[PDB]
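Descriptive structure summary
The residues making up each chain are set out below.
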Amino acid sequence: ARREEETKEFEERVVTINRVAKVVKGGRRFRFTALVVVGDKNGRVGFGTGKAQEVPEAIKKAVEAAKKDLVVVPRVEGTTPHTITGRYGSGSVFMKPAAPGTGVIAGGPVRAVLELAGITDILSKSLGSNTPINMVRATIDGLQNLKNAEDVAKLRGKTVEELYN
Amino acid sequence: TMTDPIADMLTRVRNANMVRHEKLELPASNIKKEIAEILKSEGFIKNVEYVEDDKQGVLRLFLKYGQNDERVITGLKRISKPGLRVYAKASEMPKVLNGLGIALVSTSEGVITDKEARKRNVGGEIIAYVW
Amino acid sequence: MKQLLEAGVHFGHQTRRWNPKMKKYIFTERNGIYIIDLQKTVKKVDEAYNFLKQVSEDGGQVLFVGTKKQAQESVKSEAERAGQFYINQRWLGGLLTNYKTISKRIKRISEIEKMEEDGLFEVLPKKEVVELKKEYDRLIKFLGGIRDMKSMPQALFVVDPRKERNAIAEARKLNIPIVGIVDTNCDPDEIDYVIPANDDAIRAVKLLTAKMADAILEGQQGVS
Amino acid sequence: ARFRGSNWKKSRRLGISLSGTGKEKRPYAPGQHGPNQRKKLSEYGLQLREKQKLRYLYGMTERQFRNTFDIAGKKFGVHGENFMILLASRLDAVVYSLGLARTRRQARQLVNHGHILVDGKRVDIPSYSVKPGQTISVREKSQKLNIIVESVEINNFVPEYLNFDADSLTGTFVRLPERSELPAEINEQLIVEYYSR
RNA sequence: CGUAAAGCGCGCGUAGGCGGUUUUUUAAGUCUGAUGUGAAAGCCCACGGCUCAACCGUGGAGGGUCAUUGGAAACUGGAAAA
């Protein structure tokens, strides 16, 4: 799925909609769609999508698949640990942490994302493609390949506070 | 003909991480063993064991992995490479990945991590990031 | 459990093509065919036997696939012996990741059958009775006699990966304990709990279904 | 055009009390099409609506508002806080937030007048930046007209970073405030994002 | 830079660019320290005055592929030996 939990708080939030067609002889059968992200803005977020003949159906189905895929998102000081670049299918992306008091600076979709994972001050510029989907998949690809000081110094035989960001 | 040894070492290393078998072989050199000791001091390595025969090498390494088998680095590369050599001061140096990884560097007094190079206020010729 | 003279029984696998992941299991290839080594196998049997036994300590629930032939007679048999639900044939789309339907499925069973009491067969005309009888028989058939999974599984046992690779991946979405027999020509790291021994042989599979039926049964008559 | 507007219709749009003036019809929104359903909100509308929701507070304008914002761009600690406190460490605020009025504009016509005396000195501009280690007074000539002591008498409120002497009409600024010391609290992040694009 | 614009038809070879290992040395490159200079005004930071601001001043830091000079030798470089 993997492991939707409906137990935390939630804030569904919508990114787009298309009107998408399948032509069969005679008419043009088309099916509105939408992407969604869902998080607690307290340490959990993930996307979800679906298609239907109508919006409420689509968005709801999207949300039922939305909770089913998640990332833990190691956050620190209301901020991400460090800077990366995400990449997936030419929808590259670049983040960087910040002096606080800034507020998230980025584009529409990615703003809706990180605003829903409870991150406060961070800097970015989207890159490569402007398509809404693989943008996000870039984001969560990077956040899935991301670490905090406890995630690491465990591995290395030494320990934090001779080393820290 | 090998234009560069850094490529040999770091590429056999990455190619060995993507496949996850522990041990690995390579012809030796002065700098290679120096930095390999640093990586052992990082924690990115378990162990090394030198061995000798006609004439160089083989600097044999045994790599390290979690119990859940996550690769301990994510990434790697040099910087100071042929054609465009590069340098940096003691003040100017980078703090990679705001503090997690490292940036190997050579000094007038030896090859070291970047941290000892800013504490000492001695810069030098950078070699490689790793993180 | 295991003893090495029970591992003098297990022999060989198929020799068409073989995962290079699994040379570590090999003792050495001879007579034109690959074998697995056995000294490790006993350790792994101990560890896994112990694991599934622990899953039965907590009041566990477990599945048996027999969709592979030359196994099924031992699958419902050793499963019904242990007293856990089973399958020995068709794994239709979803039974571990399509939960929302299985309710309707076994509920279809409990629905149609009882009406054989209040007057069903040859009280309604030729056209329906002939339909429902066949629906019932094929239902039980390509399902099996399972009607009992009411809380969805928390561990699985299986006859063979490379046939049921689909179903075990449907477990992989459910990040569960998987365990089962390992022909040397199957995805090794697709399961956390290998049992590196042959699958084709009747005595091998009977022995493994037998002992694992025993470990389960112990853990279930273990205070659950 | 610092202030010549109704200034109620604005607070009818945004969903805040003031300003102004006073406190039915507020569940609606302005205009012919007003009462009905309307557009949704973009992200832009939120940070923007926040901006105006701080702008018509002090009645000021944008070119002054920005210049404030980026003189907060110099100093250390967080940013939006410094913009708030420096925006409410002004002369109109230290007047009305001391309780010498019923609204924010009463202070403005009080000080263009020159009635108050920053450190015992005539000043005609509400755009002064008030500081600690000061007094503030009322041109003792005029501490008895209809408006003032009509307003002085009631204890509207007092923050602990302001002192006050109702007998003397003497305030004096005390500590660096924060929003947790300043009512009419906000979000800062949304408005700082607005001056990105 | 397979197919979307984009690898010459292919070769011989000059000039140039890049260069295996160990040891010893040199100090041009490099790093570091200092002396001078890098006008003033301006930019940025701190302060004070024009009622505040603009503005003005003060003082700070800042800036060179810069010259001179004392130190370090792992790396590039030159010389020598294997």
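Within each chain the numbering goes from 1 in written sequence order, not necessarily matching the entry, and residues lacking coordinates are not shown. Lettering for chains starts from A, numbering for ligands starts from 1, and both go in the order in which the items are written. Any value reported refers to the chains on display, which are one part of a larger assembly. Side-chain numbers here rest on the full set of heavy atoms in the structure, without hydrogens or water.

- For this coordinate set, the PDB header names cryo-EM as the determination method and states a resolution of 3.8 Å.

**Here we look at the overall build of chain C**
- Check the secondary structure of chain C and you find seven helices and three strands.
- Projected onto its principal axes, the C-alpha coordinates of chain C cover approximately 65 × 45 × 30 Å.
- Looking at chain C as a whole, 46% of its 224 residues qualify as buried. The helix count covers DSSP runs of H or I at least four residues long, the strand count covers runs of E at least two residues long, and both are numbered beginning at the N terminus. Only protein chains enter the accessibility calculation, which uses a 1.4 Å probe; a residue whose area is less than 20% of its type maximum is buried, one above 50% is exposed, and one in between is partly exposed.

**What to know about the pattern of salt bridges**
- By salt bridge we mean one thing: a side-chain nitrogen of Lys or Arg within 4 Å of a carboxyl oxygen of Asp or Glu. Enumeration according to the criterion identifies 36 salt bridges over all chains in this entry.
- Across the salt bridge formed by A:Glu5 and A:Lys8, the nearest N and O atoms sit 2.2 Å from each other.
- On the basis of relative accessibility, which here comes to 28%, the residue A:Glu5 falls in the partly exposed class.
- Of the charged contacts in the structure, one is a salt bridge between C:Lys206 and C:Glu78, with a shortest N-O distance of 2.5 Å. On the criterion of sequence distance, the pair formed by C:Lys206 in helix 7 (residues 202-221) and C:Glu78 in helix 3 (residues 72-82) is long-range, its members being 128 residues apart.
- Linked through salt bridges whose partners overlap, the residues forming this network are B:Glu109, B:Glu116, B:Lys119 and B:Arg120.

**Re the side chain of B:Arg12**
Residue and element names in this part refer to chain B.
- Looking at the element boundaries, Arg-12 is found in helix 1 (residues 5-17).
- We count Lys and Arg on the positive side and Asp and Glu on the negative side, and we leave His and both chain ends out. Within the buried core, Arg-12 has no salt-bridge partner, and the shortest N-O distance to an opposite charge, that of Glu-25, equals 7.9 Å.
- Any two residues whose heavy atoms approach within 4.5 Å are treated as being in contact. Residue contacts for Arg-12: discarding those within four places in its chain leaves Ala-7, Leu-24, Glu-25, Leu-26, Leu-59 and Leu-61.

**Thoughts on the nonpolar core**
- Grouped together as the largest cluster of nonpolar side chains are 49 residues, with contacts concentrated most on C:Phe64 and C:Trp91.
- A total of six residues in this core trace back to one element, the largest contributor, which is helix 7 of chain C.
- When we break this core down by domain, the ones giving at least three residues each are domain 1 (24-91 + 155-224) and domain 2 (92-143) of chain C.
- In this structure, C:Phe64 is in contact with C:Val75, C:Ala79, C:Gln84, C:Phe85, C:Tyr86, C:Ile87, C:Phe157 and C:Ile216, ignoring residues within four places of it in sequence.
- Counting residues in hydrophobic clusters, the runner-up holds 35 residues, among them D:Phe65, D:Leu87, D:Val95 and D:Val130. Side-chain atoms within 4.5 Å are what join buried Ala, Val, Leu, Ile, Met, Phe, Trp, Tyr and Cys residues into a set we call a nonpolar core. What fixes the domain bounds is an automatic or database domain assignment.

**Comments concerning the protein's contact with RNA strand E**
- Any residue with a non-hydrogen atom lying within 4 Å of a molecule or strand is treated as near it. Every one of the 24 residues lining RNA strand E counts as a neighbour, but B:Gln56, B:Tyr87, B:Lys89, B:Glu125 and D:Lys74 are closest to it.
- A share of 61% is what sugar and phosphate atoms reach among the atoms of RNA strand E within 4 Å of the protein.
- Here a sugar or linking oxygen of RNA strand E sits 3.2 Å away from a polar atom, N or O, in the side chain of B:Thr3.
- B:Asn30 has a polar backbone atom sitting 2.9 Å from a phosphate oxygen of RNA strand E.
- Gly is placed with the polar residues, together with every amino acid not listed as nonpolar (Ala, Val, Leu, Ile, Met, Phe, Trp, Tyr, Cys and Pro) or charged (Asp, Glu, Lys and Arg). Partitioned by chemical class, the residues of the surface near RNA strand E number nine nonpolar, nine polar and six charged. Under the rule applied, a polar contact is a pair of N or O atoms within 3.5 Å (in protein, one hydrogen donor and one hydrogen acceptor; residues adjacent in sequence only if both atoms are side-chain atoms).

**With respect to the pairing of strand 2 (residues 178-181) of chain C**
All names here are of chain C.
- The pairing of strand 1 (residues 156-158) with strand 2 spans three bridges and is classified as parallel. Within strand 2, the position partnered with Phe-157 by the bridge is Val-179.
- We call a crossover right-handed when, viewed with the strands running away from us, the connection from the first strand over the helix to the second turns clockwise. Between the parallel pair strand 1 and strand 2, the chain is carried across by helix 6 (residues 165-173), and the sense of this crossover is right-handed. For two strands to be treated as a pair, DSSP must find at least two bridges joining them.

**A few points about the sheet that holds strand 3 (residues 193-195) of chain C**
All names here are of chain C.
- Read across the sheet, three strands follow the order 1-2-3 without closing on themselves; strand pairing throughout is parallel. Of all strands in the sheet, those with a lone pairing partner are strand 1 and strand 3, marking the two edges. Here the average twist between neighbouring strands, direction ignored, is 15°. Axis lines are fitted to C-alpha atoms, over the contacting stretch for helices. Their N-to-C directions set the angle, which ranges from 0 to 180 degrees.

**Overview of the packing of aromatic side chains**
Residues and elements named next belong to chain D.
- Ring geometry is summarised as follows: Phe, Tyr and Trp rings, the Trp one being its six-membered ring, pair when their centres sit within 6.5 Å, and such pairs are stacked at plane angles under 30 degrees, edge-to-face over 60 and tilted between the two. This model, assessed by the stated rule, comprises 13 aromatic pairs over all chains.
- When the centroid spacing of 5.8 Å and the interplanar angle of 35° are considered together, the rings of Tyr-44 and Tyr-194 count as tilted. A residue pair is termed long-range when its members are at least 10 positions apart, and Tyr-44 in helix 2 (residues 43-55) and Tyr-194 in helix 8 (residues 189-194) qualify at 150 residues.
- The exposure class of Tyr-44 is partly exposed, given its relative accessible area of 46%.
- On the basis of relative accessibility, which here comes to 13%, the residue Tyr-194 falls in the buried class.
- With a centroid separation of 6.4 Å and 65° between ring planes, the pair formed by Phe-65 and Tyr-195 is classed as edge-to-face. Of this pair, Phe-65 sits in helix 3 (residues 62-71) while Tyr-195 sits in the segment after helix 8, and the two are 130 residues apart along the sequence.
- For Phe-65, a relative accessible area of 1% corresponds to the buried category.

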